[PDB]
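First, one chain by itself in structure tokens, the form solved without 2'-deoxycytidine-5'-triphosphate.
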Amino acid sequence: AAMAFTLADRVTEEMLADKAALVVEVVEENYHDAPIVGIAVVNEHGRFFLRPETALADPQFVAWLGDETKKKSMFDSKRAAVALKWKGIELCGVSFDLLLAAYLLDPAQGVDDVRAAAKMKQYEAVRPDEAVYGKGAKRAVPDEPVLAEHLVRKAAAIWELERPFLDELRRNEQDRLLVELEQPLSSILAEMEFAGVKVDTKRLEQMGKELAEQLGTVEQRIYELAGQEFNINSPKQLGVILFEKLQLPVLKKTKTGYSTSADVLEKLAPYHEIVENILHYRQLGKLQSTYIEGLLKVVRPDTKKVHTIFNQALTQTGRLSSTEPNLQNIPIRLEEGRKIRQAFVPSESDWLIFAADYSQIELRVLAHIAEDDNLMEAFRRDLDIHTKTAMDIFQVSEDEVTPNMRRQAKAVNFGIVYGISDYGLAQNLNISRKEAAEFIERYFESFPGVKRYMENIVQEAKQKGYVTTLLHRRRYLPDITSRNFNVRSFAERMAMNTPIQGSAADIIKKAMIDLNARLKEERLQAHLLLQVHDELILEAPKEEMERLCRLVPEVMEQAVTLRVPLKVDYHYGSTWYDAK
């Protein structure tokens, strides 16, 4: 039974009501400078479909879009906000975003269209987007009659679903999470994405040029040491050369064949000169394919800017993800790749890159939630926690902890945050399970509060059905009751880790909101460019650096008050690389 609506040829006052479900359709997955395919409005006066050329050309409609007192309910308002920024139009008054509401209620649903969100509440009078647009080569906007009905049905679903979603969020104590954290953050992310990050493409091409020389040399060498040529990127090919031709030990059997994972090659290095070369070629190869070629593919030719899209409704812990390009996984560990960062520069003359990062926020969050006296005292003294953990588990004074002891204690700290298991630690440290179990037992002896939290959080997940973070984000863990040990253990690890990684996500998100408000009050020209889990990257006039040095760390450190202090380090320079 088709849905009734007015396919309007011009905007009417009836369509500019104080509250409405609004759909501003952008079908292209990447909405940056993308077309707005159609518009639907549903309010007390009825259901309307508007052609974009006509609506966005109408001063009253545009004014209505920008009037913050006219409330709109939408699904993925950030997509609309950004598509509109590229057209010079401001969207204001979004009081409810169904995508974010669905995500908070249950991140696992994987809700990515109005249909999926509506199904959560047994509402199925709307089609999935893929059903009407198709996928890939078949993706396409349908003719007006079909397009118009789909947008109206989506707007109708949003109009109908807003109350039940808000009611459940309030029952979950997530009402403020949506209205005071995620929705305001959505606007900040739209600004970041729209601003983009300037790329020195010439520097990138230079690098790409040199990289190509090195790759050839390492490749030729590999063929030499191999006795002949083969596809170094072909797993099969590599495995035959390594384990058959060269007779290297197979101390890790892949499904049916051999493993050439990094740690395995790392273990075989001692046996043959070719292994070191293979790992280096993989290193350089990743730089070339993803951080040079792949990057250059998404840089805008006119402005030389890259505009990522932060997916705010994807991760199971509350973190953001970044795509096209992923600006959250730019190399930094190895110097060769870290240089890629020299290509990320300020967007204006005489501006600089400013980077601020939390120091051990996960462990500090753990100290707070576990209320472990020893861990809390360590952060109160601002000690190096890895040296401190080594001192405690290996029972030695600071003077006697060796580099090897610190390295292993650090690995224990990682395991504790990830959700500890003797096998996971054994694998990471390349030791036996019993030895790893011993390290863990000694850890819990020194940090009994943490031990109690890990036991308690697992029982709680079992009792309630989910775990939560500081700001009430939640994650259901059905598998925690599974009778399969491996399946149950993965859930137990999630129970242990989620509240830590998730609360750290909550904190930095609130810091971003607090920071922008401070930035605005001060009328500073500085603005956010990126967020990479526990760090914020901005660019600003060189004349604002001194102010930023005091402002950013303070806002980040004060975003939330924990039982231990929060500490933020910062650096700035002429490129992202120099912001160290």
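Start at 1 and count along the sequence shown; that's the residue number.
Keep in mind that the form deposited with 2'-deoxycytidine-5'-triphosphate bound is not shown, yet the notes after this line are about it.
**OP:** Would you kindly say which of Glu173, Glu213, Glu144, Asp350 lies with a heavy atom within 4.5 Å of 2'-deoxycytidine-5'-triphosphate in the deposited complex?
**Re:** Checked against the cut-off, the match is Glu173.
Original post:
Pick from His472, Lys71, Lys305, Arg203: which has a non-hydrogen atom within 4.5 Å of 2'-deoxycytidine-5'-triphosphate in the deposited complex?
Top reply: Residue within 4.5 Å of the partner: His472.
**OP:** Mind telling me which stretch in 269-277, 242-250, 165-173, 116-124 gets its heavy atoms within 4.5 Å of 2'-deoxycytidine-5'-triphosphate in the deposited complex?
**Re:** Contact criterion met by 165-173 only.
Subject >> Any non-hydrogen atom of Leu177 within 4.5 angstroms of 2'-deoxycytidine-5'-triphosphate in the deposited complex >> reply: Although 2'-deoxycytidine-5'-triphosphate is absent here, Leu177 would touch it in the deposited complex, with heavy atoms inside 4.5 Å.
Subject >> Sequence-ordered residues of 50-68 touching 2'-deoxycytidine-5'-triphosphate in the deposited complex, heavy atom within 4.5 Å >> reply: The stretch 50-68, when checked against 2'-deoxycytidine-5'-triphosphate in the deposited complex, contributes no residue at the 4.5 Å heavy-atom cut-off.
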